[PDB]
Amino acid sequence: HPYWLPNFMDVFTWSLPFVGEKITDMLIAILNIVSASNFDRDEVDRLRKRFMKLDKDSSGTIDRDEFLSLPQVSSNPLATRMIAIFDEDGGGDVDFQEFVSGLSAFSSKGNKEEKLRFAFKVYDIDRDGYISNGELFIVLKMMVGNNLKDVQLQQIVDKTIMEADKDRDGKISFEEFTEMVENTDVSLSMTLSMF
């Protein structure tokens, strides 16, 4: 029996609101180059104090165990993706430059392009600049669990890729991704709400 998302929508429109909700949920828990970031010098200094409390061993870096020490992070289906994205150099831990850079993307002062880039990074597991079929399946599966059958997820992943893959290499580039989502509110999903 064929399966399609409501109104035959693509998997990015479908999943990005939940991606933004889950990541901003974790950022709220955590919060409770630098000079080019979306934060003034004062806000950066407040983040320095938030960073220091999370680094329990005073390494100057936050590791996976220190992130998962928060209950709101360990129960979160996107915790592993957020941690990997924050680790910009891919070294296993996040220094302060990475901490600030990751949070800066979610500022209300940030632009559409860096929020599109963060969203893309959620799906691009191996960081090669392309969302592969398997990556898109894996990350969607992380969020849906057993609420769709694997074969249902395969149909909508395959259809979305067929629709977005303009040059027909079987993967989704950043440009193909941003064109797919140009008429949905990705910036809103990828913004931590301002008082």
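Throughout, we count residues from 1 along the sequence that is shown.
Missing deposited residues between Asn32 and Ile33: 10 or more, all without coordinates in the entry. Here 151 to 159 and 63 to 71 are compared by their mean Cα B-factor, and 63 to 71 comes out higher. Relative to one another, 13 to 21 and 173 to 181 have unequal mean CA B-factors, and 173 to 181 is the one with the higher figure.
Taking the PDB entry at face value, the top CA B factor among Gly110, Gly102, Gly92, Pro77 belongs to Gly92.
The PDB entry assigns its highest CA temperature factor, among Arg168, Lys141, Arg127, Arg50, to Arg50. Per the PDB record, residue ranking by Cα B-factor puts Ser189 in the middle third of the chain.
In the PDB entry, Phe96 places in the highest third of its chain by CA B-factor. For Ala36, the recorded CA temperature factor ranks within the highest third of the chain's modelled residues. Placement of the Cα temperature factor of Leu27 within the chain: middle third of the modelled residues, per the deposited record.
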